[PDB]
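Worksheet: the structure to be examined is printed underneath.
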Amino acid sequence: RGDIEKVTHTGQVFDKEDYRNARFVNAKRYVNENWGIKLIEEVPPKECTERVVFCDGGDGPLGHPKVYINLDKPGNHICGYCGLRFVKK
Amino acid sequence: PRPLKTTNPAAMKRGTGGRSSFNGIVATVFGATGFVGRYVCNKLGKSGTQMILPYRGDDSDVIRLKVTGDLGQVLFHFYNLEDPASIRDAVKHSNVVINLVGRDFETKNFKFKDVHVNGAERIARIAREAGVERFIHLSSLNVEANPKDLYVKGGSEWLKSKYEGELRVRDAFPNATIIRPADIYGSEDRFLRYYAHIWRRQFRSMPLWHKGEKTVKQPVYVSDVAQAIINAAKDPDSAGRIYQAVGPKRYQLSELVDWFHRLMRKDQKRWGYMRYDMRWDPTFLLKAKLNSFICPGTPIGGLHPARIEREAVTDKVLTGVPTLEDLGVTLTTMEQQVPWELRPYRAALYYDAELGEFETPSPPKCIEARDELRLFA
Amino acid sequence: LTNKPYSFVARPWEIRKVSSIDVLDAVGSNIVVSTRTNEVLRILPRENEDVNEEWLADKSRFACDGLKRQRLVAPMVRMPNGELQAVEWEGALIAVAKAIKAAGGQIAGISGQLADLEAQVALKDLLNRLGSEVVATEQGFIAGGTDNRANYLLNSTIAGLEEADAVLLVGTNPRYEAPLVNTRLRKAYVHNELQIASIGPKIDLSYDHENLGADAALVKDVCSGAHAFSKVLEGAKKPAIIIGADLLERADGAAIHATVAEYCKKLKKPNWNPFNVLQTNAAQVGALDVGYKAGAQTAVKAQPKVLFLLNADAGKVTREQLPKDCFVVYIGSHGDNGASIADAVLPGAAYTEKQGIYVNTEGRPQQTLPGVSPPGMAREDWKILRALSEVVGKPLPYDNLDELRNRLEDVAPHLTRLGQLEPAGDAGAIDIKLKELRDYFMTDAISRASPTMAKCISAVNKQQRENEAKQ
Amino acid sequence: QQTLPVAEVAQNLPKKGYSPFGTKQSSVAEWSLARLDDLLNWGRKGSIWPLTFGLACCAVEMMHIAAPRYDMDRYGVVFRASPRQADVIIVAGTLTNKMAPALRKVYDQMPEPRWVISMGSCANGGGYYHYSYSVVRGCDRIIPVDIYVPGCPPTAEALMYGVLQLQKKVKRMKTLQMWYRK
Amino acid sequence: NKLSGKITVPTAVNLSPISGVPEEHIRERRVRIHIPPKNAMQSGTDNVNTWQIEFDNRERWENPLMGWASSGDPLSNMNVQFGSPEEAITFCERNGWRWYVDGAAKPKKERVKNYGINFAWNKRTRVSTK
Amino acid sequence: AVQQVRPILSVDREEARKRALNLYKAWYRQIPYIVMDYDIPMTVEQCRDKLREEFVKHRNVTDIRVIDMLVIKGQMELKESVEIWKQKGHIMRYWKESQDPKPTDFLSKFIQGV
Ligand SMILES: NC(=O)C1=CN([C@@H]2O[C@H](COP(=O)(O)OP(=O)(O)OC[C@H]3O[C@@H](n4cnc5c(N)ncnc54)[C@H](OP(=O)(O)O)[C@@H]3O)[C@@H](O)[C@H]2O)C=CC1
Ligand code: SF4
Ligand SMILES: [Zn+2]
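Chains as they are written, first to last, in the authors' numbering: chain R, 33 to 121; chain P, 40 to 416; chain G, 245 to 672, 685 to 727; chain B, 40 to 221; chain Q, 54 to 183; chain W, 10 to 123.
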């Protein structure tokens, strides 16, 4: 069965000869289908003008605490909390 | 230098001993819902061992075994002896397998052959293909290549099947450990329930072959058998070695039954125990035959004739064949165990007579080698 | 600013603190191993200003990851195929006891550098039962001068180093041989006008130092007192002369030591012994106080049929260099290259996992504490030897740590007065390793085992390449 | 993990049958034994009699279920006091060491087929007192638990939902049908 | 000839049997009287003014099921505080344990810590920057 | 190193033995009743034997006060067994039959882990 084959995004598969496989002979090995790494990758990097932007990730008090991210560096800048991505250029 | 099988530290022995310390043993226990399965599994759980407990009855029959281990230590796997696919699945990840399968009587879905030898070899072949390090089997101590009945003609099939099971299991598995007990006495046991149950008794006159005075029995206690199983499972150097599992002191069936009835308070004034000759009375056999023919499940009190032949058969040990002492297992004697064991069945506290002050049941007396040679002349 | 490796891993409230001592350098700095659920997450300095100074080098700080990779987790025995398959403790020790008994009483034991004194003493006692006194240490030392305690220590009281006034480092780079000692000197250089000369090759001590050359003839002329810095040494009130143990094992250096001790006679000021020896391994001083020989080649020259190796993963011994028939047993934790050349490989619990006694450079003995359960079948080193003895049939008397700690008390009461330092009084070209950080990071098996150190080596090499190419 | 079918899939599918065994039996004996199991399970399912052990805090919910808001005798459930006449035991509250032998004794004095519901966290895994010197960590270590009702306490709805889940387990139990194979 | 039945008895009364601790722990475990270590990246020091005792680590494996940190060793978390080591040794004896003190530290030697040295005409201690 | 302190019960070591042996009387005399009352495997001789060893459990008690308390515990446990407050599990507790005597010699310890 594929359930006990899938690689958890955390990065675990029971070895092919590992007795802890036995626990799934009769129950499914739940593995989630949304991997945050892929999803945030898909989200495009927002861009702004000001040297310093602010993110709360979510909205109002439904997101993470307000954080200010400077963009003067050439590259992207990833929000510490939500993983949103910023680029000033 | 004994090699190792796995190099994954998660799959490797650890802990301080107990319900949590994983012992590096993963076992399937075929026939776990039995007289000896309970004792084996409880011992294995005490070690902190992973169990797979295959079962063919309703899981409710086995749910009690869940109490024997910490979380995830016990899994129940529905199978059937007639489904090799299921057995393969049950043994793939296993490290050891124990074959506690086998009835005392015959069924409608199984004749002694198909359940007692043909099934066993299938299990062993599947186990061997699965690459299972250790395999264990049980075979009665009285096993003979050419059984001869003693009182009733068609009553030695169990013995024939037992020999067949041993040889073919050894054929299909290079080095399995075939432990060999006989007449294991314990709680919820064929042995003591049989000698206690009513149908076994006539009016007040237990019928015994040759008055039970031409029989030598050496029963052993169930836990000591179980404790042997685990100790020989932990050790792989026991592999490929039969073991005659017997108790400390042989006995004469007359000594036992009299002591039993003394323990049960069955002999004070009125209950009036007597011992017949089973040959004299021709009624006991009919009871067995009818009781077999009528009961759909296990016959009442295990009265089927095969049990009757078993009591008749003597217990022939042999030297060289290793023993429990070789397995490092101390053996609680009957004198320590049986009194408490039969305490539930004590009865007969008449108003007409005296009680309480009756002495503690004076124990029985063993039978020595020359004294045996007197018995058999 | 925060640890890149110990990043996001655990919170201080969750974690558990275990006092301990660093072992990767002979400073023996005090450590607080920050364990959480059988995982050594990080390392912190424990304030012991007599020794530790509350700082801590990068090696001790970051190499903790080395204790999670290349670990030995199963006894192994070399088959006719030769692959060293995994086996169990029964067969392993029984096989080892077989070889020892039938080898023919020609045995040696070479102690590595991460072996605690208990492992040394257990090793020695067993081999004295077997009748073999060939018990060497990897890092060789003075011939015929190993007897007076002050010949292999920092008699100058590492705390007292900061009090030093004129320091002479003969080819002994502290900045990569004892960084904690180095910063103590810099504190002197900043607060007491420490006159720091050098009689070795080029190095940088993070501060000015007078380089008088490299040739070993310079130490002799100075010891006679024929050079300007020698006059400075004379005029000082706390002179110190530091000689690196490598040089003392280089070659014909016992003469160098003898002259150095000769001059220290006059330099001695009351309550102050100038002579200084920056030990490198954390077990060398342990070896001296138990009475080993020095020099792995010494043990090879004995021509033993069997060999013992307390986690001795230095290349100083190679089976080619060994007798061909020499049976080889390795009793160490990390499966490093030196472990790779043994026919029997017994796992061992690393220093954080085992309770042992380490004599630091200056000489105080200090006790590690176990913070993490060892992996696999790994056991304590002094337990492996004890089991093997009783398997052979020459049992040692010490079945418990205290029994063993009393056996050490017999050998050296000074050596069990933990936390104290008994005084020893009187004491008795040049090219050196670890003259650059690139040399420094890769020193020991744990160091090579660690992933972060490997990243550090690459990062420094790349910045150098930038200097070449960014140009 | 699986998920319910969608509207059109339901449209294709037929009635889900009543006896969970189904109606695919081959021979007369099979078909007959299927019905007798169905009748037995129907009896044991419709009428179930808790023992009302109810040690603590959880017990209050064990009473609210008897209360008239989420009526339980509506389902055929009655609180018989005597364990000889009680068919099910809702162990609820903490199991202290003084109680452990008592629970064991009460359990096996009850005749089978006996099912145990471990209500509340205190019984499930020792709950909030798990690291205590006097509490049985869980009740799995004394008796064979059948259904776990998480909660502290479980809201009454949760408890009697679990009861229905026990009814489903009582519905699908195979005793005669599979004795035939035995 | 009495003061409400007062008696003369030795001050050091071992209480191992009355205590209730199993002899296994008493006979295989030590105690490590010390002062709790000062956290490296802190600066307040009002949690290392007490003398503390605890018991050596025994073992920790991981639960096969869920990969927790199982531990079948009771006195693993045990931790008690005292005002002075001699008090703790007195306590530890009365409960019949094996112990070995761990000397905390000598009194801090005064450091001059002058401000002017940052700016000196001759001494090396002139600060490079501010 | 002496302290002038209160008593509990016994003022001299001999009174302590007098109290201690009184307890031994109650326990010896009780054993048969518990064999009857408590349906447990144990027999009179074994119960008597354990009672002997369990006093030997602490032979080298010295302080008058400590031995007094040990007796105080015993008088309690006596009453809890005299009357049947205890349970068959509780009374058997003195044997510790659930766990096998763990290995003791160094190899068995070594080969079976810490
Ligand atoms: N006094 C004795 O019984 C003796 C014991 N032995 C041997 O030891 C073993 C254990 O003895 P004991 O427990 O008393 O015997 P039991 O009659 O109690 O058998 C116990 C187990 O055997 C299982 N069993 C029987 N037939 C089958 C089958 N076709 N398929 C699957 N399981 C089956 C049963 O499964 P389920 O209950 O679920 O139907 C049961 O769980 C036996 O095999 C016996 O040969 C040897 C000497 C004497
Ligand atoms: S689980 Fe919650 S509701 Fe139930 S007894 Fe415990 S604390 Fe009370
Ligand atoms: Zn954000």
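All C-beta atoms, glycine included, are put in the ideal place defined by N, C-alpha and C.
(request) Quick one: list the residues of chain Q neighbouring W/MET85, beta-carbon separation under 7 Å, in chain order. (result) Per Cβ cutoff of 7 Å: no residues; W/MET85 is ~13 Å from chain Q at best.
(request) Compute the Euclidean distance between the alpha carbons of W/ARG74 and Q/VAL62, then round it to the nearest angstrom. (result) 9 Å
(request) Given a cut-off of 9 Å, decide if G/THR605 and G/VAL271 are closer than it, judged by their beta-carbon atoms. (result) yes
(request) Specify which residues have a beta carbon nearer than 5 Å to any heavy atom of ligand 2, listing them in chain order. (result) B/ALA95, B/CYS96, B/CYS97, B/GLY132, B/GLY159, B/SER160, B/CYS161, B/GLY166, B/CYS191 and B/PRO192
(message) With DSSP as the reference, identify every bridge partner of Q/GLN134, one or two as the case may be.
(response) Q/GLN105
(request) Pull every residue with its beta-carbon under 5 Å away from any heavy atom of ligand 3, and keep them in chain order. (result) R/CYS87, R/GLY89, R/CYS111, R/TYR113, R/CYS114 and R/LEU116
(request) Give a yes or no on whether 9 Å exceeds the smallest Cβ distance from P/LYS52 to chain G. (result) yes
(request) Classify W/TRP104 as buried or exposed, calling it buried when 16 or more other Cβ atoms lie within 10 Å of its own Cβ. (result) exposed
(message) For a test of the three-state rule: what should DSSP assign to W/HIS67, helix, strand or coil?
(response) coil
(request) With DSSP as the reference, label P/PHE69 as helix, strand or coil. (result) strand
(message) By alpha-carbon positions, which one of G/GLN314, G/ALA540 and G/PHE473 ends up nearest to G/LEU462?
(response) G/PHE473
(request) Mind the definition here: the stretch 648-655 of chain G touches the stretch 370-390 of chain G only if three or more C-beta pairs lie below 8 Å; say whether that holds. (result) no
(message) Please state the DSSP three-state secondary structure of P/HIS176.
(response) strand
(request) For chain P, find out if any of its Cβ atoms is closer than 9 Å to the Cβ of W/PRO50; answer yes or no. (result) yes
(request) Give a yes or no on whether 9 Å exceeds the smallest Cβ distance from G/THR281 to chain Q. (result) yes
(request) From the DSSP output, in three-state form, read off G/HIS471 for me. (result) coil
(request) Evaluate contact between the stretch 100-115 of chain R and the stretch 78-86 of chain R, counting only Cβ atoms and requiring at least three cross-stretch pairs below 8 Å. (result) yes
(request) Return the chain-ordered ranges of every alpha helix (DSSP H) run that is complete within the stretch 319-344 of chain P and spans a minimum of 4 residues. (result) 322-333
(request) Identify every run of the alpha helix (DSSP H) within the stretch 142-173 of chain P, keeping only runs that are complete inside it and at least 4 residues long; order them along the chain. (result) 158-169
(request) Return helix, strand or coil for G/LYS691, following the three-state DSSP convention. (result) coil
(request) Could you name each continuous alpha helix (DSSP H) segment of 4 residues or more that falls completely within the stretch 114-176 of chain Q, going from the start of the chain to the end? (result) 138-147
(message) Using 9 Å as the threshold, is the C-beta distance between G/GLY488 and G/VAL411 below it?
(response) no
(message) Which residues in chain W have a C-beta closer than 9 Å to the C-beta of Q/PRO63? List them in chain order.
(response) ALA10, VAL11, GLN12, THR71 and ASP72
(request) Within its chain, find whatever has a CB closer than 8 Å to the CB of B/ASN136; leave out the 5 residues flanking it on each side and keep chain order. (result) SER173, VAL174 and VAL175
(request) Compare the C-alpha of Q/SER123 against each of P/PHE242, P/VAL368 and P/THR55 and name the closest. (result) P/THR55
(request) State the start and end residues of the unbroken beta strand (DSSP E) segment that holds G/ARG286. (result) 284-289
(request) Would you check if the distance between the CB atom of G/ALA622 and the CB atom of G/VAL331 is smaller than 9 Å? (result) no
(message) On the criterion of 16 or more Cβ atoms from any shown chain inside 10 Å, does G/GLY592 qualify as buried, or is it exposed?
(response) buried
(request) Please indicate yes or no: does the CB of P/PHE332 lie closer than 8 Å to some heavy atom of ligand 1? (result) no
(message) For P/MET373 and G/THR279, I'd like the C-alpha separation in whole angstroms.
(response) 53 Å
(request) Please classify P/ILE217: is it buried, with 16 or more other beta-carbons within 10 angstroms of its beta-carbon, or exposed? (result) buried
(request) Output, in chain order, the set of chain W residues within a Cβ distance shorter than 8 Å of P/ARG382. (result) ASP48
(request) Check the Cβ-Cβ distances between G/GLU634 and every residue of chain W, and say whether any is below 9 Å. (result) yes
(message) Please state the DSSP three-state secondary structure of W/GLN84.
(response) helix
(message) Within 10 Å of its beta-carbon, does G/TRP333 have 16 or more other beta-carbons around it, so buried, or fewer, so exposed?
(response) buried
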